[PDB]
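Here the structure comes first, spelled out in structure tokens, and everything after it is commentary.
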Amino acid sequence: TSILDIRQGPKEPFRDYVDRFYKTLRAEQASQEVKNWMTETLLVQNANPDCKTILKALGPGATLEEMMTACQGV
Amino acid sequence: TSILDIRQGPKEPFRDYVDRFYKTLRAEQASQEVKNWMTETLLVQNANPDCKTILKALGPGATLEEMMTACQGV
Amino acid sequence: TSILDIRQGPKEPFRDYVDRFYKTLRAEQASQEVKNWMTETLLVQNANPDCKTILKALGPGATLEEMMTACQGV
Amino acid sequence: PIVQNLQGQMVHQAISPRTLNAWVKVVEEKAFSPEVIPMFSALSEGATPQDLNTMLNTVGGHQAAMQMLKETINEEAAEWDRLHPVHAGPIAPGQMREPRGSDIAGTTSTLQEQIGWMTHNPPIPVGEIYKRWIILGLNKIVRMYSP
Amino acid sequence: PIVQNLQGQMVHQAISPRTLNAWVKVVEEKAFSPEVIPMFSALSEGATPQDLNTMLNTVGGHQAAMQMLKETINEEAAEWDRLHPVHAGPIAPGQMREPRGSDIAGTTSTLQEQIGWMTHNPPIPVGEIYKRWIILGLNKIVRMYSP
Amino acid sequence: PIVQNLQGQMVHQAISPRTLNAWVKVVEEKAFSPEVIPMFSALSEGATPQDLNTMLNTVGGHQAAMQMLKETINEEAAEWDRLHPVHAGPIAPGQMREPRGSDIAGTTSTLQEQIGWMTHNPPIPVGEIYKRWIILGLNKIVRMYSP
């Protein structure tokens, strides 16, 4: 399965999705800078509308514990 | 079972067939040149029509990752 | 069970019978010369008519891989 | 493998059965998963080419992958021979011969020869060259076997 | 097997039960599969003929194959005797006797004799000669037992 | 058993629990099957009479066979005493006593006595004499227990 095919379900907790992401990211062998680009970009983009909304409110500069606690009720 | 008796099913993934081939090829003790001849020849010949068609389009010079990714949807 | 009581079934593959023979032969403790005599003699004698027929065509001097491949379709 | 003895010299010692079996069990359980590569790397510590063919030859199953790896090992070996040409004139009596791709793959070299190269001064890391080929070929497999 | 001791000499030490059992378990699980041959080869490292008959005699099951192997071992042994004739005149007091096919098969030789030949200078590799016969006979079996 | 120590002397060391348990497990699994005899032979390497009674006494089950063996061990022992008469006059202060059937069976001898006989020069192989009786009695059993 390709990294672009990794997406969050409509009922799937973000948490279970983030695990899937760094597992597939774990099978990507690209430069770190590209993998940083993938992190800030693709993760949020394939996140579900309800959490996506939430993550837009965190702004930039956000870290994984704060994202992970931010989308917990969703 | 003989190497000539190794053939791909009509619903069998190529992949599962290629595994069977190099297992049986693993029990053949012939010169390397003969085993090269067997590789390019017998593998495609006993491959199913749908994949066989696919493999004909790869042309010659093809390697196993490209054959294996080529017949994946079949 | 005694070695004389070892016999091939009418539907039993020879192969399964030869295994039984050298298992029981494995529990005989007799001189090697006697055990050679048992090998060439008793094995064929208690073999079934269809294979027995086959084995008669191999003639003498025959070895176990050739007997075992000879009675395979039977 | 080639290990250091108490006396303070490098000597060969055989690899252990529950090490062997641990290699088997990893492959059984985690197949093509990435954790196989650090795992391999730890269990290949101080290992010979000869021991590395032993580990590859003792696999059962995943024969398409095993063939892809073989063919990667030979490609990487062909590339070793290309990049490093044979050296000028006859081999010195006082010296031992330079390796080829097939000596690195363990094929054309003997154990005592594999111990000569590694234990000698300077030492040459023929394990680590094969190790990269294995890891490289492991990446090829991992990338393919991703679904 | 005959192993090197800490003192720096080659001495005999017995083979281990979980080594024995690992030999048993391989045969139980993988029967005639090709992985049996590298496996055998690793577990036969530094092994005597005597230990090799022990391993063959401790098999249960697959008696048709075990007989085919025996008969291959004797053929290969008959061939050893053919190719290497006995030597000229009486055996020297200062020397030890040349082996026959049956000494290689372990049958006519004693352990101390098997240790004399291997530990002595030059050493003779009677294990490796039996090993090829075993591997050759393993090919015969593998080829037959292919379906 | 009596094993060689690093220092280069023969000393007694105890047999291991997973060796003990391996003896138990063999008997559990393969009962009277012939593979039991090479198996026994390997696990009896360097063993004392005392250790051999320990192995026989620790059996559970197959008590008809265990009694047949006992009675074979005593017959073979009675035969030892018959064939080898006691020697002329009193025992020398400088020497140690010759064994009887019951010393071979371990019954009338102590461990230190069993170590005296085996470690002394010439050594006497009281293990190997009991071993044949065990193997002989094993043949009796195997032949009977064939169906």
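Ligands are numbered from 1 in the order shown, chains are lettered A, B, ... in the order of the structure tokens, and residues start at 1 in each chain.
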Matching every Cα in sequence order between the two identical chains, what are the coordinates of chain B once fitted onto chain A? Write them as a compact mmCIF listing (two decimals) with N, CA and C atoms, in the first residue's frame.
```
# COMPACT_ATOMS: atom_id res chain seq x y z
N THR B 1 0.81 -1.16 0.00
CA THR B 1 0.00 0.00 0.00
C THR B 1 0.86 1.23 0.00
N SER B 2 0.50 2.24 -0.84
CA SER B 2 1.21 3.50 -0.95
C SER B 2 0.83 4.51 0.18
N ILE B 3 1.73 5.48 0.51
CA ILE B 3 1.54 6.46 1.60
C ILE B 3 0.33 7.43 1.34
N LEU B 4 0.08 7.70 0.06
CA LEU B 4 -1.05 8.51 -0.44
C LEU B 4 -2.32 7.80 -0.21
N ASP B 5 -2.27 6.45 -0.08
CA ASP B 5 -3.53 5.69 0.12
C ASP B 5 -3.93 5.63 1.62
N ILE B 6 -3.05 6.13 2.48
CA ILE B 6 -3.30 6.18 3.95
C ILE B 6 -4.17 7.39 4.16
N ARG B 7 -5.43 7.12 4.74
CA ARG B 7 -6.46 8.11 5.06
C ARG B 7 -7.26 7.70 6.34
N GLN B 8 -7.82 8.72 7.04
CA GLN B 8 -8.56 8.52 8.22
C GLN B 8 -10.03 8.29 7.92
N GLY B 9 -10.58 7.24 8.56
CA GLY B 9 -11.98 6.91 8.42
C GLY B 9 -12.92 7.96 8.89
N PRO B 10 -14.20 7.85 8.66
CA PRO B 10 -15.12 8.85 9.18
C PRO B 10 -15.35 8.55 10.68
N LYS B 11 -15.20 7.31 11.19
CA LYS B 11 -15.44 6.99 12.62
C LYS B 11 -14.15 6.57 13.34
N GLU B 12 -12.99 6.52 12.54
CA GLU B 12 -11.72 6.01 13.00
C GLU B 12 -11.00 6.98 13.89
N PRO B 13 -10.60 6.70 15.09
CA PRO B 13 -9.81 7.62 15.84
C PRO B 13 -8.52 7.96 15.18
N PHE B 14 -8.18 9.28 15.21
CA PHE B 14 -6.97 9.85 14.69
C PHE B 14 -5.76 9.13 15.07
N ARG B 15 -5.74 8.82 16.36
CA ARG B 15 -4.71 7.98 17.00
C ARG B 15 -4.43 6.68 16.19
N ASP B 16 -5.47 5.97 15.72
CA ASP B 16 -5.27 4.73 15.07
C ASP B 16 -4.65 4.93 13.60
N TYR B 17 -5.11 6.01 13.05
CA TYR B 17 -4.57 6.65 11.86
C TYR B 17 -3.13 7.20 11.88
N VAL B 18 -2.74 7.83 12.95
CA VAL B 18 -1.39 8.27 13.11
C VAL B 18 -0.36 7.14 13.25
N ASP B 19 -0.81 6.10 13.93
CA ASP B 19 -0.07 4.82 13.98
C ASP B 19 0.15 4.19 12.66
N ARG B 20 -0.95 4.15 11.85
CA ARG B 20 -0.84 3.69 10.43
C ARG B 20 0.09 4.51 9.58
N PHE B 21 0.08 5.83 9.79
CA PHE B 21 0.93 6.77 9.09
C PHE B 21 2.37 6.57 9.36
N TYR B 22 2.83 6.54 10.61
CA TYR B 22 4.27 6.33 10.86
C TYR B 22 4.78 4.90 10.66
N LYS B 23 3.87 3.90 10.57
CA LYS B 23 4.18 2.56 10.07
C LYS B 23 4.52 2.53 8.56
N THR B 24 3.61 3.14 7.76
CA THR B 24 3.88 3.32 6.31
C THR B 24 5.03 4.24 5.97
N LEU B 25 5.18 5.37 6.74
CA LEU B 25 6.31 6.32 6.75
C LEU B 25 7.58 5.53 7.14
N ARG B 26 7.43 4.59 8.10
CA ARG B 26 8.52 3.65 8.49
C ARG B 26 8.99 2.82 7.27
N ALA B 27 8.12 2.47 6.26
CA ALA B 27 8.50 1.78 4.96
C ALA B 27 8.82 2.68 3.84
N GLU B 28 8.83 4.03 4.05
CA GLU B 28 9.34 4.92 3.07
C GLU B 28 10.82 5.15 3.43
N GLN B 29 11.64 5.19 2.39
CA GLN B 29 13.08 5.34 2.54
C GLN B 29 13.57 6.75 2.12
N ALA B 30 12.74 7.71 1.62
CA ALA B 30 13.09 9.16 1.25
C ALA B 30 13.90 10.02 2.21
N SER B 31 14.61 11.07 1.70
CA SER B 31 15.35 12.03 2.48
C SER B 31 14.45 12.63 3.59
N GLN B 32 15.06 13.04 4.70
CA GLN B 32 14.41 13.39 5.97
C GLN B 32 13.49 14.60 5.79
N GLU B 33 13.94 15.56 4.96
CA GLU B 33 13.39 16.84 4.52
C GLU B 33 12.09 16.56 3.78
N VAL B 34 12.10 15.53 2.89
CA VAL B 34 10.90 15.08 2.22
C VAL B 34 9.85 14.39 3.13
N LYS B 35 10.43 13.57 4.02
CA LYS B 35 9.63 12.96 5.04
C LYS B 35 9.03 13.95 6.06
N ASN B 36 9.74 15.08 6.39
CA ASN B 36 9.20 16.26 7.13
C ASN B 36 8.05 16.97 6.44
N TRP B 37 8.20 17.11 5.10
CA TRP B 37 7.19 17.64 4.20
C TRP B 37 5.95 16.76 4.20
N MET B 38 6.09 15.44 4.15
CA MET B 38 5.04 14.49 4.25
C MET B 38 4.31 14.52 5.55
N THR B 39 5.03 14.64 6.62
CA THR B 39 4.49 14.82 7.97
C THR B 39 3.58 15.98 8.12
N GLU B 40 4.05 17.20 7.84
CA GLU B 40 3.19 18.36 7.99
C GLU B 40 2.07 18.45 6.99
N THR B 41 2.20 17.78 5.89
CA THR B 41 1.25 17.92 4.81
C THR B 41 0.25 16.88 4.76
N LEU B 42 0.66 15.59 4.55
CA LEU B 42 -0.25 14.55 4.11
C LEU B 42 -1.13 14.10 5.24
N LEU B 43 -0.58 14.01 6.46
CA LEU B 43 -1.25 13.64 7.69
C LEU B 43 -2.58 14.46 7.90
N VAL B 44 -2.50 15.83 7.85
CA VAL B 44 -3.63 16.60 8.02
C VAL B 44 -4.63 16.56 6.95
N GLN B 45 -4.15 16.56 5.70
CA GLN B 45 -4.88 16.45 4.46
C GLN B 45 -5.74 15.19 4.44
N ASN B 46 -5.26 14.01 4.87
CA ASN B 46 -6.12 12.85 4.79
C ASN B 46 -6.82 12.53 6.02
N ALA B 47 -6.79 13.52 7.03
CA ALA B 47 -7.43 13.42 8.27
C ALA B 47 -8.95 13.66 8.01
N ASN B 48 -9.92 13.13 8.80
CA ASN B 48 -11.34 13.32 8.58
C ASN B 48 -11.80 14.76 8.85
N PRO B 49 -12.94 15.25 8.26
CA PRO B 49 -13.43 16.65 8.36
C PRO B 49 -13.51 16.99 9.85
N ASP B 50 -14.05 16.21 10.75
CA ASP B 50 -14.28 16.66 12.11
C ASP B 50 -12.98 16.98 12.80
N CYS B 51 -11.98 16.09 12.73
CA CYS B 51 -10.64 16.37 13.22
C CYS B 51 -9.82 17.32 12.48
N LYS B 52 -9.99 17.33 11.16
CA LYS B 52 -9.38 18.27 10.27
C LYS B 52 -9.68 19.69 10.66
N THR B 53 -10.93 19.95 10.96
CA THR B 53 -11.43 21.20 11.50
C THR B 53 -10.63 21.58 12.78
N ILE B 54 -10.51 20.59 13.74
CA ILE B 54 -9.82 20.70 15.02
C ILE B 54 -8.32 21.12 14.83
N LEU B 55 -7.65 20.45 13.89
CA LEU B 55 -6.28 20.60 13.61
C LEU B 55 -6.02 21.92 12.96
N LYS B 56 -6.96 22.41 12.13
CA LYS B 56 -6.79 23.72 11.58
C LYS B 56 -6.69 24.77 12.73
N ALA B 57 -7.44 24.58 13.87
CA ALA B 57 -7.47 25.51 15.02
C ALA B 57 -6.16 25.42 15.81
N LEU B 58 -5.41 24.29 15.79
CA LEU B 58 -4.14 24.29 16.50
C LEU B 58 -3.09 25.27 15.91
N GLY B 59 -3.27 25.70 14.64
CA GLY B 59 -2.29 26.46 13.87
C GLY B 59 -1.04 25.69 13.56
N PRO B 60 0.07 26.32 13.12
CA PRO B 60 1.27 25.69 12.77
C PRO B 60 2.10 25.65 14.04
N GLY B 61 3.29 24.98 14.00
CA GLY B 61 4.13 24.87 15.13
C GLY B 61 3.69 23.82 16.07
N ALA B 62 2.62 23.11 15.84
CA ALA B 62 2.04 22.11 16.75
C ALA B 62 2.83 20.77 16.87
N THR B 63 2.90 20.11 18.01
CA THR B 63 3.60 18.84 18.12
C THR B 63 2.67 17.66 18.40
N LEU B 64 3.20 16.46 18.23
CA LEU B 64 2.31 15.28 18.20
C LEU B 64 1.47 15.01 19.44
N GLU B 65 1.95 15.13 20.64
CA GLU B 65 1.15 15.04 21.86
C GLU B 65 0.00 16.04 21.85
N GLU B 66 0.17 17.31 21.49
CA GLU B 66 -0.87 18.27 21.35
C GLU B 66 -1.80 17.91 20.23
N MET B 67 -1.40 17.38 19.07
CA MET B 67 -2.37 16.96 18.05
C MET B 67 -3.14 15.79 18.55
N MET B 68 -2.48 14.86 19.17
CA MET B 68 -3.07 13.61 19.61
C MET B 68 -4.05 13.84 20.71
N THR B 69 -3.72 14.63 21.71
CA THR B 69 -4.76 15.13 22.70
C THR B 69 -5.80 16.07 22.11
N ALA B 70 -5.48 16.84 20.99
CA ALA B 70 -6.48 17.69 20.43
C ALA B 70 -7.63 16.91 19.75
N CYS B 71 -7.37 15.88 18.99
CA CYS B 71 -8.44 15.16 18.34
C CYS B 71 -9.00 13.96 19.06
N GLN B 72 -8.80 13.85 20.36
CA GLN B 72 -9.30 12.73 21.20
C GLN B 72 -10.79 12.52 21.33
N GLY B 73 -11.63 13.53 21.39
CA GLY B 73 -13.07 13.31 21.50
C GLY B 73 -13.79 13.02 20.22
N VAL B 74 -13.14 13.32 19.08
CA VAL B 74 -13.63 13.15 17.77
C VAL B 74 -13.80 11.71 17.25
```
Close residues, segment 76-79 of chain F itself excluded, 12 Å, only C-alpha atoms, min 6 positions apart in chain, as a list in words |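 Once the adjacent positions are removed, what remains is residues 69, 70, 85, 99, 100, 101, 102, 103, 104, 105, 106, 107, 108, 126, 129, 130, 131, 132, 133, 134, 135, 136 and 137 of chain F.
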Atoms to include: C-alpha atoms. Write the selected residues as a short mmCIF file (atom, residue, chain, number, x, y, z; two decimals), in the first residue's frame.
```cif
data_model
loop_
_atom_site.label_atom_id
_atom_site.label_comp_id
_atom_site.auth_asym_id
_atom_site.auth_seq_id
_atom_site.Cartn_x
_atom_site.Cartn_y
_atom_site.Cartn_z
CA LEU F 69 15.56 -55.73 32.60
CA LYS F 70 16.41 -56.00 36.30
CA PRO F 85 36.48 -65.81 39.88
CA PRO F 99 35.01 -55.60 41.12
CA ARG F 100 32.21 -58.15 41.28
CA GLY F 101 28.86 -58.21 39.24
CA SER F 102 27.21 -56.16 41.98
CA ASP F 103 30.06 -53.53 41.95
CA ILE F 104 29.42 -53.25 38.17
CA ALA F 105 25.75 -52.92 38.86
CA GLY F 106 26.79 -50.21 41.27
CA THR F 107 25.11 -51.89 44.21
CA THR F 108 28.14 -52.93 46.36
CA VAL F 126 32.71 -51.06 34.40
CA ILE F 129 30.26 -53.74 30.89
CA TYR F 130 26.99 -52.55 32.42
CA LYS F 131 26.23 -50.75 29.11
CA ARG F 132 26.39 -54.02 27.12
CA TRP F 133 24.04 -55.68 29.71
CA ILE F 134 21.65 -52.75 29.27
CA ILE F 135 21.91 -52.90 25.50
CA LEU F 136 21.54 -56.75 25.56
CA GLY F 137 18.54 -56.45 27.84
#
```
Define the interface residues of chain F facing chain C as those within 10 Å, counting only C-alpha atoms, and report them as a list in words.
->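 Output check: residues 33, 34, 35, 139, 142, 143, 145, 146 and 147 of chain F.
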Take the residues from that selection and write them out as a PDB file, in the first residue's frame, keeping N, CA and C atoms.
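Saved to again_19.pdb:
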```pdb
ATOM      1  N   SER F  33      10.799 -48.171  21.276  1.00  0.00           N
ATOM      2  CA  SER F  33      11.341 -48.083  19.925  1.00  0.00           C
ATOM      3  C   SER F  33      12.847 -48.108  19.809  1.00  0.00           C
ATOM      4  N   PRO F  34      13.513 -48.722  18.767  1.00  0.00           N
ATOM      5  CA  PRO F  34      14.977 -48.933  18.699  1.00  0.00           C
ATOM      6  C   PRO F  34      15.865 -47.761  18.835  1.00  0.00           C
ATOM      7  N   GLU F  35      15.329 -46.563  18.538  1.00  0.00           N
ATOM      8  CA  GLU F  35      16.028 -45.300  18.607  1.00  0.00           C
ATOM      9  C   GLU F  35      16.360 -44.926  19.980  1.00  0.00           C
ATOM     10  N   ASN F 139      17.741 -55.240  23.736  1.00  0.00           N
ATOM     11  CA  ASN F 139      17.412 -56.160  22.598  1.00  0.00           C
ATOM     12  C   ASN F 139      16.278 -57.154  22.993  1.00  0.00           C
ATOM     13  N   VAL F 142      12.989 -55.096  23.114  1.00  0.00           N
ATOM     14  CA  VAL F 142      12.675 -54.677  21.741  1.00  0.00           C
ATOM     15  C   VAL F 142      12.094 -55.896  21.049  1.00  0.00           C
ATOM     16  N   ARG F 143      12.709 -57.108  21.045  1.00  0.00           N
ATOM     17  CA  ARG F 143      12.290 -58.296  20.398  1.00  0.00           C
ATOM     18  C   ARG F 143      10.990 -58.846  20.880  1.00  0.00           C
ATOM     19  N   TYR F 145       8.719 -56.828  22.512  1.00  0.00           N
ATOM     20  CA  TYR F 145       7.737 -55.817  22.424  1.00  0.00           C
ATOM     21  C   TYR F 145       7.389 -55.438  21.022  1.00  0.00           C
ATOM     22  N   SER F 146       8.148 -56.000  20.015  1.00  0.00           N
ATOM     23  CA  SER F 146       7.660 -56.110  18.670  1.00  0.00           C
ATOM     24  C   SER F 146       6.285 -56.830  18.545  1.00  0.00           C
ATOM     25  N   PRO F 147       5.320 -56.369  17.732  1.00  0.00           N
ATOM     26  CA  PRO F 147       3.988 -57.004  17.802  1.00  0.00           C
ATOM     27  C   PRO F 147       3.672 -57.777  16.557  1.00  0.00           C
TER      28      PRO F 147
END
```
Segment 8-13 of chain D: which residues within 12 Å, counting only C-alpha atoms, same-chain residues fewer than 2 positions away excluded, as a ChimeraX atom specification?
-> /D:1-6,15-16,46-48,50-51,111-121,123 /E:3-6,8,42,45-46
Distance table requested - chain D against chain E, cut-off 7 Å, only C-alpha atoms: one row per qualifying residue with the closest atom pair and its distance in Å to one decimal, ordered by chain and rising residue number, as a tab-separated table.
```
residue	atom	partner	partner_atom	distance
D:54	CA	E:38	CA	6.4
D:57	CA	E:38	CA	6.9
D:58	CA	E:35	CA	5.1
```
